[PDB]
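Keep in mind that the numbers below use all heavy atoms, side chains included, and drop hydrogens, waters and symmetry copies. We name chains A, B, ... by the order of the sequence lines, and we start the count at 1 in each one.
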Amino acid sequence: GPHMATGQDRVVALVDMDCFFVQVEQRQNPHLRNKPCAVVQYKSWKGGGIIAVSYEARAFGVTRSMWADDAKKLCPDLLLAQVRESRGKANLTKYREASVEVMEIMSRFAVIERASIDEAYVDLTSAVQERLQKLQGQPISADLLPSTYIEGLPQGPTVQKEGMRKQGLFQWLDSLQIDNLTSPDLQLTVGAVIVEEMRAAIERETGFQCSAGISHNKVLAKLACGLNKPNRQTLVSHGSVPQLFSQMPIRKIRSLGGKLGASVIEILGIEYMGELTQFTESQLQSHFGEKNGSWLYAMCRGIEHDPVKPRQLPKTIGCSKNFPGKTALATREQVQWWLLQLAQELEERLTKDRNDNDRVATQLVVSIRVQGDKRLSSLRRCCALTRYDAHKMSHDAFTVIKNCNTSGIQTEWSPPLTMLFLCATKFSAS
DNA sequence: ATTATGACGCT
DNA sequence: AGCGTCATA
Ligand SMILES: [Ca+2]
Ligand SMILES: [Mn+2]
Ligand SMILES: [Mn+2]
């Protein structure tokens with residue numbers, strides 16, 4: 001009862017850009033705006049691989065991982081933008097730089113955790129406390145929440161989407177106890193006000209639209225964000241969790257989309273997150289381990305303590321290329337030439353990183369895949385990274401992998417290489 | 001023949 | 001350390 005922790009201590013948001021690489025290309029090229037369009041890498045093989053899709057194109061059934069030739073079968077008027085190619089490979093610099101634009105704006109409001117190229121978590125607990133003091137017990141107007149959905153509302157005793165949104169928001173605001181500076185629901189609401197401001201700032205200063213989730217932890221914030229996309233934000237309260245989770249497939253929760261999630265389903269014979277509540281903590285720990293079990297026991301009740309880490313910059317800088325089917329590398333000079341290409345992009349990114357962010361990478365990680373291996377990586381070896389020089393890094397990379405060549409002939413490489421990967425790690429301040 | 005990443009857990 | 005899992009454009 002009174003000692004039951006409810007995991008309502010924090011206000012956490014997740015902000016995720018809408019169709020991000022597509023918006024970067026649509027900003028650049030006005031002809032692509034408000035059209036079915038997608039972003040593709042490479043072109044020779046089946047028109048290239050789709051990696052981002054506008055909402056207009058999704059309506060035709062176009063998805064990520066689809067070959068553009070196949071996407072065109074669903075959407076004959078689909079417009080395409082190509083990922084840049086440099087040194088023989090896809091180069092994602094434009095999208096990394098656009099990401100920095102957004103992350104720098106978000107950082108003005110609070111400490112952020114960069115979680116991908118297009119999303120960051122925000123711990124708004126302190127910002128909310130500050131804003132609550134400014135508000136002075138004054139009610140929150142619906143006008144301050146013009147793109148916010150309250151999950152689970154409206155309920156109880158109009159037919160268009162925006163109408164429904166306002167109905168739910170009204171019920172929510174009508175219920176709010178604004179006299180209590182410590183009410184979690186009030187704190188979430190003020191959190192949502194700030195995120196409206198954050199999202200307006202991102203759109204004003206970059207042109208990019210985004211969605212967001214506001215809740216008491218990262219998992220719920222992420223889940224909330226996806227509930228009303230694009231260009232909207234969703235508040236998931238603690239109270240909304242039982243109904244929300246009662247029909248929520250387990251795989252939809254972050255970290256449960258893979259083998260662990262499948263094992264939760266199979267071992268326990270359940271389908272929905274809410275069904276987890278009927279197991280003891282020890283029962284869950286017995287099946288899924290101490291850490292996972294405790295996490296599941298709290299998470300199915302809407303509770304999670306994973307902090308928003310203060311980290312705005314990626315921890316590693318990597319360059320990778322696949323060589324599928326017949327393009328697999330079978331000669332030493334092939335292997336060496338491509339290691340050099342990767343190393344040259346890596347040097348360029350590392351040198352920029354050092355100037356921008358006052359740090360230096362100290363370890364070089366080299367990974368390859370061999371033809372036949374089911375695994376994405378076959379072998380991973382590290383060596384020292386002492387100088388930002390591509391010729392040295394590629395020579396060093398070759399040295400640490402050259403023993404994988406089973407071929408009796410030095411000139412030939414066997415089995416052929418279907419992937420190369422260079423990653424700079426272990427940064428130190430500089 | 002999705003590809004190019006990037007964080008974190010296990011032993 | 002090297003490998004595996006899970007994640008996003
Ligand atoms: Ca996104
Ligand atoms: Mn994302
Ligand atoms: Mn996505």
Side-chain angles (χ1 to χ4, degrees), chain A residues 14 16-25 38-54 63-71 81-86 89-96 98-99 102 113-121 208 218-219 222 225-226 251-263 288-292 295 306 309 311 313-328 342 345-346 349 363 365-369 371 373-383 400-401 418-426:
Chain A
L14 183 274
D16 184 87
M17 323 292 294
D18 299 329
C19 56
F20 183 44
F21 289 14
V22 161
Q23 285 197 90
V24 176
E25 299 292 336
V39 173
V40 77
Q41 60 197 358
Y42 305 120
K43 209 85 181 76
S44 310
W45 188 266
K46 299 174 172 181
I50 288 180
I51 58 171
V53 187
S54 79
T63 67
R64 163 177 303 131
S65 86
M66 204 167 269
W67 298 116
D69 287 352
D70 294 333
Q82 290 186 263
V83 175
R84 174 187 189 157
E85 285 177 52
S86 307
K89 67 183 293 298
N91 190 296
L92 304 176
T93 296
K94 184 197 302 181
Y95 315 106
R96 291 197 181 93
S99 174
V102 172
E113 177 183 341
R114 180 202 197 269
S116 76
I117 196 163
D118 90 320
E119 73 211 81
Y121 295 90
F208 302 143
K218 284 163 68 179
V219 159
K222 177 64 179 175
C225 185
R251 69 185 173 269
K252 302 303 188 177
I253 277 64
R254 196 194 185 183
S255 81
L256 302 182
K259 295 182 181 186
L260 174 60
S263 71
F288 312 113
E290 181 183 319
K291 208 186 173 196
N292 288 333
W295 181 84
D306 186 31
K309 300 183 174 190
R311 186 192 63 245
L313 304 171
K315 282 193 169 184
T316 58
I317 297 186
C319 293
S320 70
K321 184 166 175 45
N322 294 345
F323 304 90
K326 320 308 147 79
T327 69
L342 285 180
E345 176 184 331
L346 191 54
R349 284 161 65 190
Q363 188 180 71
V365 171
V366 187
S367 181
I368 67 181
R369 190 185 178 195
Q371 203 161 51
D373 197 323
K374 183 87 183 310
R375 309 170 294 173
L376 288 80
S377 169
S378 295
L379 174 124
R380 208 214 71 154
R381 298 286 197 260
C382 68
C383 59
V400 306
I401 71 161
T418 51
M419 183 276 297
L420 296 177
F421 185 20
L422 294 185
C423 186
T425 66
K426 296 189 182 321

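Annotation: of the two residues near DNA chain B, A:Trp67 and A:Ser320, the 5′-most nearest-nucleotide partner is A:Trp67. For the pair A:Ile117 and A:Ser377, nearest-nucleotide mapping onto DNA chain C gives the more 5' position to A:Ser377.
Contacts of A:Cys423 with the nucleic acid, taken as non-hydrogen atoms under 4.0 Å apart, are absent. No contact: A:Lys46 has no heavy atom under 4.0 Å from any strand. At a threshold of 4.0 angstrom between heavy atoms, the contacts of A:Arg251 with the nucleic acid are absent.
Lacking a ring centre under 5.5 Å from that of the base six-membered ring together with a plane angle below 30°, A:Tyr95 does not count as stacked on C:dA9.
For B:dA4, the OP1/OP2 oxygens have no side-chain nitrogen or oxygen of A:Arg84 closer than 4.0 Å. A:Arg375 has a side-chain polar atom (N or O) that falls below the 4.0 Å cut-off from OP1 or OP2 of C:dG4. Taking only side-chain nitrogens and oxygens, A:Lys309 comes nearer than 4.0 Å to OP1 or OP2 of B:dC8. Proximity of A:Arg114 to the phosphate of B:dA7: no side-chain N or O atom is located under 4.0 Å from OP1 or OP2.
Between A:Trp67 and A:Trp45, the ring planes are perpendicular. Angles over 60° get that label, and only those under 30° would be called parallel.
When the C1' atom is used for both C:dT8 and B:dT2, the distance is 14 Å, rounded to whole Å.
One distance of note links NZ of A:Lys89 with CZ of A:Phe323; it measures 9.5 Å at 0.5 Å rounding.
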